[PDB]
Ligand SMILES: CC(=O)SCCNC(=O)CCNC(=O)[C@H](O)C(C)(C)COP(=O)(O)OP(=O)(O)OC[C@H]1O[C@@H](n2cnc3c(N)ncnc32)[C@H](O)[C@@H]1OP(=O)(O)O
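Next up is one chain by itself, shown in structure tokens, the form deposited without this ligand.
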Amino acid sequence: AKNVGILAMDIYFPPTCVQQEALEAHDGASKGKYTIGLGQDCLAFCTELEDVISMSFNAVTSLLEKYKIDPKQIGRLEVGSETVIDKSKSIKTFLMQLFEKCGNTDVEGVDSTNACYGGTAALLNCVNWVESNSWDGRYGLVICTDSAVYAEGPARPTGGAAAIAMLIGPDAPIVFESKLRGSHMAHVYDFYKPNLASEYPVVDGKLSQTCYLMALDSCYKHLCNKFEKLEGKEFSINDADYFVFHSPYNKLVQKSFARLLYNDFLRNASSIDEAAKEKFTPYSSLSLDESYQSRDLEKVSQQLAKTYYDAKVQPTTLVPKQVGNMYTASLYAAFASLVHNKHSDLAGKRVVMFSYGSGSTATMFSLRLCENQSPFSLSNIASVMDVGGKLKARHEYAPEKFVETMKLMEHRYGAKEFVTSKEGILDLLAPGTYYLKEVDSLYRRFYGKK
């Protein structure tokens, strides 16, 4: 199996959304608190008719369909999600209905979990499966799916929902540079969900910033070390064409890329020019511990990174800014944004990906993009995903109707024995979309289509 990586991708997000500007006004918030301070424009959200299962159905069926993939040709199916539906029965098992109809039940894979990192863990397991002695010559299929918008509180504007499906196989247009990565994992209580009966997390804002930056620095350092062994030169921001990040909100993306410039400063890397050096020098006496909480450092790193950001990062932001936090699918939606925006110039380029999940688990890994024939080509991936079209076909909710919907979702969370209400909503879903009809008295969920 040569050149293993991503062959095909498709993406689903709910058409129902709320504009961040309007939400600012609805809340008691000063203008631009969300659109500038978070860097977020719009928030897609599941109504009562949509959930992680239904969104996965849309994305996988669309992928299978538009790339003309025989479902019998899937040898492994894996799911990343932090959205808990059952404590025992995996989301993977639900998705198997989509293969049973073909009689394809000999399929490896289950669910991977750690916060926003589960989709990455699955992706890597699937790539490793293709390269392994156990590979049977069939495709791997990875699903990242998540939905959560807190009905109340300060975290409500940072919600979102999507499912991404990725077909994995040899001879790919998107190739894993297998040795060029670094991971960081640790036992921390930065952000976790310890109360099984509620969606509210315990958050330690203090620890969480320290944890995320520590993971990012550490992944970058490990990847740089690997690069130095591989290519015999020190890595800098100049050695990749694009940097793609886990993108819960856009401001964190800006800070993340800027932190990489600071790292380059510390390593006296060649991305750091004359003037940049002089900008960072006042901060050369800061300890690492000190570096994580310095606002002044943040702003200078931001000033330095500014020009590189528009070239290397900005094209990865379309979907996350228009949809919101997609949790496990976030990084892959940023990547999908990149393909949408730059497909005709991506052949030959290096793309660095950074995946994070609180608790904490993180990996920075590198991809090389390649010219390939359709249907497994960058151009055909951009065409199939139709991100432009999906964005044009959205339906805006007033913040009012949005808040009522979130209260409704709060009511249906971990609940049994109800029928969803289709009146006014089904009209908004595109033709062929899966939706939740009812959850019976034994918590069993039933779906329709269209």
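Think of the rigid core as the biggest set of C-alphas that the two forms share within 1.5 Å after superposition. Start at 1 with the first residue shown and count on from there.
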Should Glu100 be counted as unmodelled in at least a third of the other PDB entries compared?
no
Taking the other compared entries of this protein, do a third or more of them lack coordinates for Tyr242?
no
Looking only at CA atoms, which has the higher mean B factor in the entry: 330-338 or 201-209?
201-209
Residue stretch of maximal mean CA temperature factor, 379-387 vs 420-428:
420-428
Between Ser132, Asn263, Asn325, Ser287, where does the Cα B-factor run highest in the record?
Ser287
What's the residue among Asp241, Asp171, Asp106, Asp190 with the greatest CA temperature factor in the PDB record?
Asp190
Of the three thirds of the chain ranked by Cα temperature factor, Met9 occupies the lowest
Ranked C-alpha temperature factor of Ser147 among modelled chain residues, by third:
middle
Classify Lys101 as lowest, middle or highest third according to the C-alpha B-factor given in the PDB entry, relative to its own chain.
highest
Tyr283 - which third its CA temperature factor falls in, relative to the rest of the chain:
highest
Based on the entry's values, in what third of the chain does the Cα temperature factor of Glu298 lie: lowest, middle or highest?
highest
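Below, we refer to the form deposited with this ligand bound, which is not included among the displayed structures.
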This ligand in the entry with it bound has a heavy atom of only one listed residue within 4.5 Å, and of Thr113, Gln314, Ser208, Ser183 that residue is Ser208
Students should find that, of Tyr249, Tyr308, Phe376, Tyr283, the residue having a non-hydrogen atom no more than 4.5 angstroms from this ligand in the entry with it bound is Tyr249
May I ask you to check whether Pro154 falls inside a 4.5 Å heavy atom distance of this ligand in the entry with it bound?
yes
Non-hydrogen atom contact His187 with this ligand in the entry with it bound at 4.5 angstroms:
no
Taking any heavy atom pair closer than or equal to 4.5 Å as contact, tell me whether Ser421 reaches this ligand in the entry with it bound.
no
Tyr356: touches this ligand in the entry with it bound, heavy atom cutoff 4.5 angstroms
yes
Just one of 60-68, 388-396, 35-43, 403-411 has residues with a heavy atom within 4.5 Å of this ligand in the entry with it bound, so point it out.
35-43
Taking this ligand in the entry with it bound and a 4.5 Å non-hydrogen atom cutoff, the residues of 193-212 making contact are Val203, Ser208, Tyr212
Tell me, which of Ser377, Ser208, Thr83, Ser291 is the one whose C-alpha shifts by at least 2 Å between the shown form and the other one, with the rigid core superposed?
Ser208
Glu199: after superposing the rigid core, is there a C-alpha shift of 2 Å or more between the shown form and the other one?
yes
